[PDB]
(Lines of atoms letter the chains of each structure in order from A and count residues from 1; the text may use other names and numbers.)
(Lines give C-alpha, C1' and ligand atoms only; values in the text may rest on other atoms or scores of the structure.)
Protein backbone atom coordinates (compact mmCIF):
# COMPACT_ATOMS: atom_id res chain seq x y z
CA UNK A 1 0.00 0.00 0.00
CA UNK A 2 2.91 2.34 0.87
CA UNK A 3 5.40 1.24 -1.80
CA UNK A 4 4.95 3.10 -5.14
CA UNK A 5 5.88 0.05 -7.25
CA UNK A 6 7.92 2.20 -9.65
CA UNK A 7 10.95 0.73 -11.44
CA UNK A 8 13.94 0.61 -9.16
CA UNK A 9 15.64 3.95 -9.09
CA UNK A 10 12.63 6.08 -10.10
CA UNK A 11 11.34 8.36 -7.43
CA UNK A 12 8.61 10.72 -8.76
CA UNK A 13 5.32 10.61 -10.57
CA UNK A 14 3.76 13.35 -12.68
CA UNK A 15 0.11 14.40 -12.94
CA UNK A 16 -0.80 14.68 -16.66
CA UNK A 17 -3.96 16.47 -15.79
CA UNK A 18 -6.66 16.08 -18.47
CA UNK A 19 -4.27 14.53 -21.01
CA UNK A 20 -5.70 12.10 -23.52
CA UNK A 21 -4.61 8.49 -23.39
CA UNK A 22 -2.91 8.46 -26.81
CA UNK A 23 -0.80 11.49 -25.86
CA UNK A 24 0.30 9.89 -22.57
CA UNK A 25 1.26 6.64 -24.31
CA UNK A 26 3.48 8.73 -26.65
CA UNK A 27 4.92 10.85 -23.85
CA UNK A 28 5.87 7.68 -21.99
CA UNK A 29 7.90 6.44 -24.96
CA UNK A 30 9.47 9.62 -26.17
CA UNK A 31 10.08 11.36 -22.86
CA UNK A 32 9.03 9.99 -19.45
CA UNK A 33 10.76 6.64 -19.85
CA UNK A 34 14.10 7.98 -21.07
CA UNK A 35 14.08 10.87 -18.59
CA UNK A 36 13.67 8.67 -15.53
CA UNK A 37 10.13 9.50 -14.39
CA UNK A 38 8.51 6.83 -12.27
CA UNK A 39 4.87 7.16 -13.19
CA UNK A 40 1.86 9.11 -14.26
CA UNK A 41 -1.27 10.02 -12.39
CA UNK A 42 -4.14 10.13 -14.86
CA UNK A 43 -7.44 11.87 -14.76
CA UNK A 44 -10.53 9.77 -13.87
CA UNK A 45 -10.94 7.17 -16.59
CA UNK A 46 -14.60 6.34 -15.86
CA UNK A 47 -17.69 7.83 -17.50
CA UNK A 48 -18.85 11.18 -16.20
CA UNK A 49 -21.75 13.52 -16.55
CA UNK A 50 -21.54 16.21 -19.18
CA UNK A 51 -21.77 19.74 -17.84
CA UNK A 52 -22.89 22.35 -20.38
CA UNK A 53 -23.06 25.25 -17.89
CA UNK A 54 -20.33 26.26 -17.63
CA UNK A 55 -19.03 24.51 -20.76
CA UNK A 56 -17.17 21.28 -20.03
CA UNK A 57 -15.27 22.27 -16.88
CA UNK A 58 -12.42 20.16 -15.54
CA UNK A 59 -14.56 19.27 -12.54
CA UNK A 60 -17.25 17.38 -14.47
CA UNK A 61 -14.83 14.39 -14.28
CA UNK A 62 -15.38 14.27 -10.51
CA UNK A 63 -19.06 13.42 -11.16
CA UNK A 64 -19.28 9.72 -12.18
CA UNK A 65 -22.26 8.12 -13.88
CA UNK A 66 -20.77 4.64 -14.47
CA UNK A 67 -17.48 2.70 -14.38
CA UNK A 68 -17.25 2.41 -18.15
CA UNK A 69 -13.87 3.53 -19.40
CA UNK A 70 -15.17 6.18 -21.73
CA UNK A 71 -14.22 9.83 -21.30
CA UNK A 72 -12.87 12.85 -23.17
CA UNK A 73 -9.37 11.33 -22.62
CA UNK A 74 -10.30 8.26 -24.67
CA UNK A 75 -11.99 4.86 -24.73
CA UNK A 76 -11.06 1.51 -23.24
CA UNK A 77 -8.80 0.34 -26.05
CA UNK A 78 -6.86 3.54 -25.90
CA UNK A 79 -6.62 3.26 -22.10
CA UNK A 80 -5.34 -0.32 -22.34
CA UNK A 81 -2.89 0.58 -25.03
CA UNK A 82 -1.57 3.48 -22.89
CA UNK A 83 -1.10 1.27 -19.82
CA UNK A 84 0.73 -1.41 -21.87
CA UNK A 85 3.00 1.03 -23.67
CA UNK A 86 3.91 3.02 -20.56
CA UNK A 87 4.61 -0.11 -18.50
CA UNK A 88 6.80 -1.50 -21.27
CA UNK A 89 9.15 1.48 -20.99
CA UNK A 90 9.13 1.44 -17.14
CA UNK A 91 6.59 4.15 -16.40
CA UNK A 92 3.66 3.15 -14.13
CA UNK A 93 0.08 4.35 -14.29
CA UNK A 94 -1.88 5.51 -11.25
CA UNK A 95 -5.59 6.09 -11.59
CA UNK A 96 -7.70 8.78 -9.98
CA UNK A 97 -10.39 6.68 -8.30
CA UNK A 98 -13.60 8.61 -7.69
CA UNK A 99 -15.50 6.40 -5.32
CA UNK A 100 -17.11 8.53 -2.60
CA UNK A 101 -19.91 9.70 -4.83
CA UNK A 102 -21.71 9.77 -8.15
CA UNK A 103 -22.90 12.96 -9.87
CA UNK A 104 -24.82 15.96 -8.53
CA UNK A 105 -28.28 15.19 -7.10
CA UNK A 106 -29.66 18.14 -9.09
CA UNK A 107 -28.49 16.99 -12.51
CA UNK A 108 -31.19 16.20 -14.98
CA UNK A 109 -32.22 12.72 -16.02
CA UNK A 110 -30.96 11.78 -19.46
CA UNK A 111 -28.08 10.52 -21.60
CA UNK A 112 -25.93 13.73 -21.28
CA UNK A 113 -22.95 11.60 -20.29
CA UNK A 114 -19.57 10.91 -21.90
CA UNK A 115 -20.48 7.43 -23.14
CA UNK A 116 -24.24 7.89 -23.46
CA UNK A 117 -25.25 5.90 -20.41
CA UNK A 118 -28.64 6.78 -18.92
CA UNK A 119 -28.93 8.05 -15.36
CA UNK A 120 -31.58 9.72 -13.20
CA UNK A 121 -29.86 11.40 -10.29
CA UNK A 122 -33.06 12.70 -8.72
CA UNK A 123 -34.24 9.06 -8.43
CA UNK A 124 -30.72 7.87 -7.52
CA UNK A 125 -30.88 5.71 -10.65
CA UNK A 126 -27.63 4.65 -12.36
CA UNK A 127 -28.57 1.59 -14.36
CA UNK A 128 -25.17 1.15 -16.05
CA UNK A 129 -23.54 0.17 -12.76
CA UNK A 130 -26.15 -0.57 -11.43
CA UNK A 131 -26.91 1.55 -8.36
CA UNK A 132 -30.31 2.34 -6.89
CA UNK A 133 -31.64 4.53 -4.09
CA UNK A 134 -30.70 2.05 -1.31
CA UNK A 135 -27.04 2.40 -2.45
CA UNK A 136 -26.75 6.04 -1.22
CA UNK A 137 -26.47 7.73 2.23
CA UNK A 138 -29.63 9.91 2.08
CA UNK A 139 -31.16 8.17 5.11
CA UNK A 140 -27.88 8.30 7.05
CA UNK A 141 -27.09 12.00 6.82
CA UNK A 142 -28.61 13.88 9.76
CA UNK A 143 -28.54 17.44 8.45
CA UNK A 144 -31.62 19.41 7.43
CA UNK A 145 -30.08 20.29 4.06
CA UNK A 146 -28.61 16.86 3.32
CA UNK A 147 -25.19 18.45 2.82
CA UNK A 148 -22.19 19.14 5.00
CA UNK A 149 -23.08 21.98 7.30
CA UNK A 150 -20.17 21.66 9.73
CA UNK A 151 -16.71 20.19 9.26
CA UNK A 152 -16.17 19.66 13.02
CA UNK A 153 -18.71 16.81 12.90
CA UNK A 154 -17.04 13.76 11.30
CA UNK A 155 -20.40 12.06 10.69
CA UNK A 156 -21.65 14.88 8.46
CA UNK A 157 -18.38 15.07 6.57
CA UNK A 158 -18.61 11.37 5.74
CA UNK A 159 -22.33 10.54 5.41
CA UNK A 160 -23.66 13.76 3.90
CA UNK A 161 -23.42 15.23 0.41
CA UNK A 162 -20.18 16.98 -0.63
CA UNK A 163 -21.27 19.97 -2.78
CA UNK A 164 -24.57 18.18 -3.65
CA UNK A 165 -22.90 15.04 -5.00
CA UNK A 166 -24.76 11.77 -4.36
CA UNK A 167 -22.95 10.06 -1.52
CA UNK A 168 -22.41 6.30 -1.85
CA UNK A 169 -23.31 3.97 1.03
CA UNK A 170 -19.83 2.64 1.37
CA UNK A 171 -20.60 0.47 4.42
CA UNK A 172 -22.63 -1.88 2.21
CA UNK A 173 -20.84 -4.92 0.74
CA UNK A 174 -22.78 -4.49 -2.52
CA UNK A 175 -21.35 -1.00 -2.99
CA UNK A 176 -17.86 -2.01 -1.84
CA UNK A 177 -17.90 -4.90 -4.32
CA UNK A 178 -19.07 -2.82 -7.30
CA UNK A 179 -16.19 -0.44 -6.61
CA UNK A 180 -13.67 -3.25 -6.11
CA UNK A 181 -14.77 -4.81 -9.40
CA UNK A 182 -13.97 -1.57 -11.18
CA UNK A 183 -10.58 -1.13 -9.53
CA UNK A 184 -9.68 -4.79 -10.10
CA UNK A 185 -10.38 -4.51 -13.77
CA UNK A 186 -7.90 -1.68 -13.90
CA UNK A 187 -5.33 -3.56 -11.86
CA UNK A 188 -5.57 -6.54 -14.27
CA UNK A 189 -5.06 -4.18 -17.23
CA UNK A 190 -1.79 -3.20 -15.55
CA UNK A 191 -2.25 -0.08 -13.39
CA UNK A 192 0.08 0.15 -10.39
CA UNK A 193 -2.11 2.00 -7.89
CA UNK A 194 -4.70 4.61 -7.11
CA UNK A 195 -5.28 8.13 -5.89
CA UNK A 196 -8.35 7.83 -3.70
CA UNK A 197 -10.34 10.96 -4.32
CA UNK A 198 -12.12 12.68 -1.40
CA UNK A 199 -10.90 10.24 1.29
CA UNK A 200 -11.82 12.67 4.04
CA UNK A 201 -15.44 12.08 3.03
CA UNK A 202 -15.20 8.32 3.60
CA UNK A 203 -14.69 6.31 6.76
CA UNK A 204 -11.15 4.85 6.96
CA UNK A 205 -12.69 1.42 7.60
CA UNK A 206 -14.87 1.51 4.52
CA UNK A 207 -11.89 2.33 2.32
CA UNK A 208 -10.02 -0.56 3.98
CA UNK A 209 -12.81 -3.01 3.22
CA UNK A 210 -12.57 -2.03 -0.43
CA UNK A 211 -8.80 -2.28 -0.54
CA UNK A 212 -8.89 -5.76 0.98
CA UNK A 213 -10.71 -7.02 -2.15
CA UNK A 214 -8.07 -5.83 -4.62
CA UNK A 215 -6.00 -8.10 -6.78
CA UNK A 216 -2.26 -8.37 -6.72
CA UNK A 217 -0.61 -6.47 -9.54
CA UNK A 218 -0.25 -7.94 -13.02
CA UNK A 219 2.81 -10.23 -13.16
CA UNK A 220 3.72 -9.23 -16.75
CA UNK A 221 5.33 -6.19 -15.19
CA UNK A 222 5.42 -6.66 -11.41
CA UNK A 223 6.72 -9.33 -9.03
CA UNK A 224 4.26 -11.91 -7.67
CA UNK A 225 2.49 -10.85 -4.51
CA UNK A 226 2.76 -7.09 -5.28
CA UNK A 227 0.11 -4.82 -3.75
CA UNK A 228 -1.29 -1.70 -5.38
CA UNK A 229 0.13 1.64 -4.30
CA UNK A 230 -2.51 3.67 -2.43
CA UNK A 231 -2.49 7.36 -1.79
CA UNK A 232 -5.48 9.01 -0.21
CA UNK A 233 -6.58 12.61 -0.72
CA UNK A 234 -7.22 13.92 2.78
CA UNK A 235 -6.96 17.65 3.22
CA UNK A 236 -5.85 18.28 6.81
CA UNK A 237 -4.02 21.47 7.61
CA UNK A 238 -4.29 20.87 11.37
CA UNK A 239 -6.98 21.93 13.80
CA UNK A 240 -9.79 19.98 12.08
CA UNK A 241 -11.98 17.15 13.46
CA UNK A 242 -10.72 14.55 10.93
CA UNK A 243 -6.97 13.87 10.87
CA UNK A 244 -4.71 12.48 8.16
CA UNK A 245 -3.42 9.93 10.67
CA UNK A 246 -6.80 8.17 10.70
CA UNK A 247 -5.92 6.88 7.19
CA UNK A 248 -2.33 5.60 7.75
CA UNK A 249 -3.45 1.99 7.84
CA UNK A 250 -4.72 2.09 4.25
CA UNK A 251 -1.82 3.66 2.40
CA UNK A 252 -0.08 6.97 1.99
CA UNK A 253 -1.88 10.28 2.43
CA UNK A 254 -1.55 13.61 0.62
CA UNK A 255 0.30 15.99 2.93
CA UNK A 256 -1.29 19.35 2.05
CA UNK A 257 0.63 21.10 4.80
CA UNK A 258 3.74 20.73 2.67
CA UNK A 259 2.83 22.99 -0.24
CA UNK A 260 0.93 25.45 1.87
CA UNK A 261 3.86 25.97 4.21
CA UNK A 262 6.56 25.85 1.50
CA UNK A 263 4.68 28.41 -0.57
CA UNK A 264 4.49 30.78 2.35
CA UNK A 265 8.24 30.43 3.02
CA UNK A 266 9.40 30.83 -0.58
CA UNK A 267 7.18 33.92 -0.88
CA UNK A 268 8.54 35.25 2.43
CA UNK A 269 5.01 35.88 3.79
CA UNK A 270 4.00 35.92 7.51
CA UNK A 271 7.58 36.41 8.76
CA UNK A 272 8.82 33.15 7.20
CA UNK A 273 12.42 32.65 5.96
CA UNK A 274 14.14 29.87 4.00
CA UNK A 275 16.55 29.38 6.89
CA UNK A 276 13.66 27.89 8.97
CA UNK A 277 13.62 24.91 6.59
CA UNK A 278 16.62 23.44 8.42
CA UNK A 279 14.23 20.94 10.09
CA UNK A 280 11.75 20.58 7.26
CA UNK A 281 9.75 17.38 7.47
CA UNK A 282 8.38 15.78 10.63
CA UNK A 283 10.06 18.74 12.41
CA UNK A 284 7.39 21.06 10.99
CA UNK A 285 4.55 18.79 12.29
CA UNK A 286 4.12 16.83 9.08
CA UNK A 287 3.08 13.18 8.95
CA UNK A 288 5.78 10.52 8.81
CA UNK A 289 7.84 10.60 5.67
CA UNK A 290 7.00 6.96 4.81
CA UNK A 291 3.28 7.83 4.79
CA UNK A 292 3.46 11.07 2.83
CA UNK A 293 2.75 11.96 -0.75
CA UNK A 294 4.01 15.52 -1.32
CA UNK A 295 3.69 18.16 -3.99
CA UNK A 296 3.96 21.91 -4.38
CA UNK A 297 0.58 22.40 -6.10
CA UNK A 298 -2.21 20.09 -7.26
CA UNK A 299 -4.94 20.43 -9.85
CA UNK A 300 -7.37 22.03 -7.41
CA UNK A 301 -5.26 24.37 -5.33
CA UNK A 302 -3.36 25.72 -8.35
CA UNK A 303 -6.62 27.57 -9.03
CA UNK A 304 -5.96 29.56 -5.86
CA UNK A 305 -8.86 28.91 -3.51
CA UNK A 306 -8.07 25.35 -2.36
CA UNK A 307 -5.99 24.00 0.51
CA UNK A 308 -3.30 26.61 1.12
CA UNK A 309 -5.15 29.37 -0.70
CA UNK A 310 -3.07 32.21 -2.16
CA UNK A 311 0.24 30.97 -0.75
CA UNK A 312 0.26 28.05 -3.16
CA UNK A 313 2.91 28.40 -5.89
CA UNK A 314 2.18 27.49 -9.52
CA UNK A 315 3.48 27.76 -13.09
CA UNK A 316 2.07 31.32 -13.14
CA UNK A 317 4.76 32.20 -10.61
CA UNK A 318 7.42 30.44 -12.67
CA UNK A 319 10.60 31.71 -11.03
CA UNK A 320 9.60 30.97 -7.43
CA UNK A 321 7.77 27.82 -8.45
CA UNK A 322 10.98 26.33 -9.80
CA UNK A 323 12.71 27.20 -6.50
CA UNK A 324 10.01 25.38 -4.50
CA UNK A 325 9.86 22.36 -6.79
CA UNK A 326 13.67 22.23 -6.70
CA UNK A 327 13.73 22.21 -2.91
CA UNK A 328 11.08 19.51 -2.80
CA UNK A 329 12.80 17.22 -5.25
CA UNK A 330 16.13 17.66 -3.46
CA UNK A 331 14.77 17.04 0.03
CA UNK A 332 14.47 13.46 1.38
CA UNK A 333 10.96 13.83 2.88
CA UNK A 334 8.06 12.07 1.27
CA UNK A 335 7.28 10.65 -2.13
CA UNK A 336 7.10 13.39 -4.71
CA UNK A 337 4.50 14.28 -7.26
CA UNK A 338 5.18 16.82 -9.97
CA UNK A 339 2.32 18.74 -11.56
CA UNK A 340 1.76 19.24 -15.34
CA UNK A 341 -0.80 21.84 -16.29
CA UNK A 342 -2.74 23.67 -18.91
CA UNK A 343 -3.03 27.44 -19.39
CA UNK A 344 -6.42 29.18 -18.99
CA UNK A 345 -7.68 32.73 -19.07
CA UNK A 346 -7.67 33.84 -15.43
CA UNK A 347 -10.16 36.53 -14.49
CA UNK A 348 -9.97 37.93 -10.99
CA UNK A 349 -13.01 39.53 -9.44
CA UNK A 350 -12.44 40.43 -5.81
CA UNK A 351 -9.39 38.12 -5.42
CA UNK A 352 -11.31 35.21 -6.98
CA UNK A 353 -10.62 33.72 -10.40
CA UNK A 354 -14.08 33.33 -11.87
CA UNK A 355 -12.64 31.30 -14.77
CA UNK A 356 -11.27 28.56 -12.48
CA UNK A 357 -13.78 26.15 -14.07
CA UNK A 358 -12.28 26.22 -17.51
CA UNK A 359 -11.39 22.78 -18.85
CA UNK A 360 -8.49 21.61 -20.92
CA UNK A 361 -7.52 23.08 -24.30
CA UNK A 362 -10.19 22.01 -26.70
CA UNK A 363 -11.88 22.48 -30.05
CA UNK A 364 -15.59 22.67 -29.40
CA UNK A 365 -15.30 20.35 -26.41
CA UNK A 366 -12.77 17.95 -28.04
CA UNK A 367 -9.48 17.95 -26.16
CA UNK A 368 -6.51 19.22 -28.27
CA UNK A 369 -3.50 17.05 -28.88
CA UNK A 370 -0.27 17.79 -27.06
CA UNK A 371 2.12 19.12 -29.66
CA UNK A 372 5.89 19.13 -29.09
CA UNK A 373 7.98 22.02 -30.35
CA UNK A 374 11.57 21.88 -31.65
CA UNK A 375 12.79 23.36 -28.29
CA UNK A 376 11.04 20.49 -26.45
CA UNK A 377 8.25 22.73 -25.02
CA UNK A 378 4.58 21.88 -25.64
CA UNK A 379 2.13 23.78 -27.74
CA UNK A 380 -1.69 24.05 -27.76
CA UNK A 381 -1.53 25.74 -24.29
CA UNK A 382 -0.30 22.72 -22.38
CA UNK A 383 2.28 24.09 -19.90
CA UNK A 384 4.33 20.87 -19.62
CA UNK A 385 6.19 21.83 -16.45
CA UNK A 386 7.61 18.36 -16.43
CA UNK A 387 9.57 19.27 -19.57
CA UNK A 388 11.11 22.48 -18.15
CA UNK A 389 14.85 21.87 -17.86
CA UNK A 390 14.96 22.94 -14.23
CA UNK A 391 12.30 20.45 -13.24
CA UNK A 392 13.30 17.50 -15.40
CA UNK A 393 16.88 17.76 -14.14
CA UNK A 394 15.77 17.89 -10.50
CA UNK A 395 13.68 14.77 -11.15
CA UNK A 396 16.91 13.06 -12.24
CA UNK A 397 18.73 14.55 -9.18
CA UNK A 398 16.29 12.80 -6.84
CA UNK A 399 16.88 9.47 -8.57
CA UNK A 400 20.67 9.93 -8.32
CA UNK A 401 20.68 10.75 -4.62
CA UNK A 402 17.95 8.32 -3.56
CA UNK A 403 18.82 6.81 -0.21
CA UNK A 404 21.44 9.36 0.81
CA UNK A 405 20.96 11.27 4.03
CA UNK A 406 20.32 14.93 4.48
CA UNK A 407 23.71 16.53 5.19
CA UNK A 408 25.87 19.66 5.19
CA UNK A 409 23.13 22.21 5.84
CA UNK A 410 24.28 25.83 5.66
CA UNK A 411 22.29 29.06 5.90
CA UNK A 412 23.03 32.77 6.17
CA UNK A 413 20.41 33.30 8.86
CA UNK A 414 17.95 34.63 6.31
CA UNK A 415 17.02 33.22 2.84
CA UNK A 416 20.25 31.72 1.57
CA UNK A 417 20.49 28.05 2.22
CA UNK A 418 22.18 24.89 1.04
CA UNK A 419 22.31 21.21 1.75
CA UNK A 420 23.42 17.96 0.31
CA UNK A 421 22.44 14.37 0.09
CA UNK A 422 25.28 12.15 1.30
CA UNK A 423 28.09 12.37 -1.16
CA UNK A 424 26.00 12.34 -4.34
CA UNK A 425 24.23 15.69 -4.52
CA UNK A 426 24.30 19.31 -3.43
CA UNK A 427 22.02 22.25 -3.90
CA UNK A 428 22.21 25.95 -3.03
CA UNK A 429 19.53 28.64 -3.06
CA UNK A 430 19.53 32.38 -2.98
CA UNK A 431 16.15 33.81 -2.18
CA UNK A 432 17.51 36.97 -0.50
CA UNK A 433 17.64 40.49 -2.00
CA UNK A 434 21.40 40.46 -2.28
CA UNK A 435 24.29 38.48 -3.66
CA UNK A 436 25.44 35.00 -2.60
CA UNK A 437 29.21 34.46 -2.92
CA UNK A 438 30.45 31.89 -0.47
CA UNK A 439 32.68 28.85 -0.28
CA UNK A 440 30.71 25.89 1.04
CA UNK A 441 31.31 22.29 2.02
CA UNK A 442 29.42 20.19 -0.52
CA UNK A 443 30.27 16.68 0.67
CA UNK A 444 31.06 15.64 -2.88
CA UNK A 445 34.32 14.23 -4.27
CA UNK A 446 36.60 16.75 -5.95
CA UNK A 447 36.09 17.48 -9.65
CA UNK A 448 34.23 19.64 -12.10
CA UNK A 449 30.44 19.49 -12.07
CA UNK A 450 27.75 20.84 -14.39
CA UNK A 451 24.97 22.82 -12.76
CA UNK A 452 21.81 21.07 -13.92
CA UNK A 453 19.62 24.11 -13.34
CA UNK A 454 21.29 26.49 -15.83
CA UNK A 455 22.13 23.72 -18.25
CA UNK A 456 23.02 20.12 -18.97
CA UNK A 457 25.98 17.82 -19.19
CA UNK A 458 26.58 17.04 -22.89
CA UNK A 459 29.44 14.70 -23.70
CA UNK A 460 32.51 15.96 -21.84
CA UNK A 461 31.22 19.52 -21.34
CA UNK A 462 28.47 21.58 -19.62
CA UNK A 463 26.05 23.86 -21.43
CA UNK A 464 25.51 26.09 -18.39
CA UNK A 465 27.44 26.95 -15.26
CA UNK A 466 30.30 24.70 -14.10
CA UNK A 467 31.35 24.25 -10.49
CA UNK A 468 34.88 23.27 -9.52
CA UNK A 469 34.93 21.24 -6.26
CA UNK A 470 38.21 21.07 -4.38
CA UNK A 471 39.70 17.88 -3.01
CA UNK A 472 38.42 18.77 0.48
CA UNK A 473 34.87 19.02 -0.85
CA UNK A 474 34.50 22.80 -0.87
CA UNK A 475 33.39 24.98 -3.77
CA UNK A 476 32.49 28.60 -4.39
CA UNK A 477 28.91 29.43 -5.31
CA UNK A 478 28.03 32.84 -6.71
CA UNK A 479 24.35 33.57 -7.34
CA UNK A 480 23.04 37.06 -7.99
CA UNK A 481 19.53 37.90 -6.66
CA UNK A 482 18.66 38.84 -10.18
CA UNK A 483 19.63 35.42 -11.56
CA UNK A 484 16.95 33.90 -13.75
CA UNK A 485 17.07 30.77 -11.60
CA UNK A 486 18.52 31.66 -8.23
CA UNK A 487 19.73 28.20 -7.35
CA UNK A 488 22.36 25.70 -8.39
CA UNK A 489 22.36 21.88 -8.17
CA UNK A 490 25.15 19.45 -8.89
CA UNK A 491 25.26 15.68 -8.53
CA UNK A 492 27.28 12.53 -9.12
CA UNK A 493 26.05 12.13 -12.68
CA UNK A 494 26.71 15.74 -13.70
CA UNK A 495 30.42 15.38 -12.95
CA UNK A 496 32.83 15.75 -15.88
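Residue numbers count along the first chain shown, from 1.
Set 178-186 against 130-138 and average the Cα temperature factors; 130-138 ends up higher.
Judged by mean Cα B factor in the deposited record, 373-381 ranks above the other of 373-381 and 191-199. Across 36, 39, 459, 64, the entry's maximum B-factor at the CA atom is seen for 459. The maximum CA B-factor among the listed residues 254, 145, 340, 275, taken from the PDB record, is found at 145.
Per-chain ranking of the deposited C-alpha B factor places residue 54 in the highest third. Ranked within its chain, residue 305 lands in the highest third, by CA B factor from the PDB record. Compared with the other modelled residues of the chain, the Cα B-factor recorded for residue 424 ranks in the middle third. For residue 169, the recorded CA temperature factor ranks within the lowest third of the chain's modelled residues. In this PDB entry, residue 263 carries a Cα temperature factor that places it within the lowest third of its chain's modelled residues.
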